[PDB]
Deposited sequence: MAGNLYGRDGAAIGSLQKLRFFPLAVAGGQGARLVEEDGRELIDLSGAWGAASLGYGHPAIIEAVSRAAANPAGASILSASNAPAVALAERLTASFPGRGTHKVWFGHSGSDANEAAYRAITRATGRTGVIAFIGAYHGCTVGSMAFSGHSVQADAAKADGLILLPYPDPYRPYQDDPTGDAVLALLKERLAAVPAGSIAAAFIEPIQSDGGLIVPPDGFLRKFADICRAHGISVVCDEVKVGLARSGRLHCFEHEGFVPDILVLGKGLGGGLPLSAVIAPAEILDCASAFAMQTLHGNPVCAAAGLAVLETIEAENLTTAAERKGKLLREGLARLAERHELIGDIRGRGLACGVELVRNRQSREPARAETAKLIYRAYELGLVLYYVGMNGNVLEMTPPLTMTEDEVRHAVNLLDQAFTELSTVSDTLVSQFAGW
């Protein structure tokens, strides 16, 4: 039987998030190859995980090398050279002598470890996060995505401003209200995405995040910046907070850090990560195969000038999309930084009413045409584009061209679409 039907027979639905019957057998560059040999351009970049695309030589080199002479299998009960070299590279990239690293398998395990560490270091359980935030899918990362003392704030959206205040100041006022109503010093941490991912690739208003961080610092609250989606060159700066005029206390990394292998990291003050031992650990954490891949990703970002590539190619992509908006009225807003781009689809440009149903057919048709992308947003109406940082300019143009065909040929049965749960 076909690969997709074998996938239904053999793998439980528990971890599936399917939008169309993508059945992959290989990959090269920014393209996926299906079982039948059909190629698709991957604008999703595996939700951002395939930072160097598929079969990049630096990944091949590193993982093949480490597999043939691995420095053990772990950082728990052994130091290993690749893990320590990666830890030093990551701390050197982050504004010296103050921070250390913890390694994980995923953004979920990293946000969980950051939260457990700061609650253990401070003796406080309270936590600030945002409605619609995505910090992972484990009990400990879902606690704030519940924790006692959880404060959930609206994420300020330029396209849908809270209290009709485009600046986000009303959100800051709400925070101060929420903090005033609980004891001084009861809040351990604030988790923030510097571009809200599942919330709909929302770039906050100018100045908001720095003012938010200033409030947190006035209350002694650690500012944790989750850059699992938009970190490591994707935004057109190495770290996305570089666009925003603040430095967080803690940085969470994942997804594209591993280049297609499972790798996450927390960069945090030494006192936070040294407050306990044998406390947040999984046996394969810091294994040298995945550490080697991480080192390859950082080295490639430098060697291939991918921070600048992401900036340049993002501008190309957003320009392509604004040409599409001249003819496809469904496009309401085009936004993002670098190669993290969102395209919000609306039934009408004036009311901004979300276009959920059309977005799910759009991506299905795109898939039928040879282009992979997914949707996000509380209303299921934002196209997410996070392609491999190594996607060529011509591929960017082929993808916009296929998207133009999908907006035009918008054909997919309401029955065919209903076969996929998605979200």
Could you spell out the stretches of the deposited sequence that were left without C-alpha coordinates, going in sequence order?
1-2, 98, 149-157, 423
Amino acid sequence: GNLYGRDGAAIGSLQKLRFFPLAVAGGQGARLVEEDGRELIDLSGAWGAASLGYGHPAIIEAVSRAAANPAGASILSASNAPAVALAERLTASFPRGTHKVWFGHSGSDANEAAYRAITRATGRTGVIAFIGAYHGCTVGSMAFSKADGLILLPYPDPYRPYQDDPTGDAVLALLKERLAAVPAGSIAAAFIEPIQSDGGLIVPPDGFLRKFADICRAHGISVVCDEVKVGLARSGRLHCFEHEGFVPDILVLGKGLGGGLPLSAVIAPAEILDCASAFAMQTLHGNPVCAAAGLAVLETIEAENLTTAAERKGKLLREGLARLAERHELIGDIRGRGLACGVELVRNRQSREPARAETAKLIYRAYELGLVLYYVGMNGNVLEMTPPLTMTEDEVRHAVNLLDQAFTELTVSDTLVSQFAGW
From here on, numbers count along this sequence of modelled residues.
Entry B factor averaged over C-alpha atoms, 271-279 against 284-292: higher for 271-279
Which of 104-112 and 206-214 has higher mean CA B factor, as the PDB entry lists it
206-214
Note to self: of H135, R349, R337, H243, the C-alpha temperature factor tops out at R349
Compare the CA B factors listed in the entry for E319, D249, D169, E344 and report the winner.
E319
When the deposited Cα B-factors of this chain's modelled residues are ordered and cut into thirds, is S51 in the lowest, the middle or the highest one?
lowest
Tertile call for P387 (CA temperature factor, within chain, third-based) is the lowest
Third assignment of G45 from its chain's C-alpha B-factors:
middle
Where does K255 sit by CA temperature factor within its chain: lowest, middle or highest third?
lowest
Can you tell me which third, lowest, middle or highest, the CA B-factor of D226 falls into for its chain?
lowest
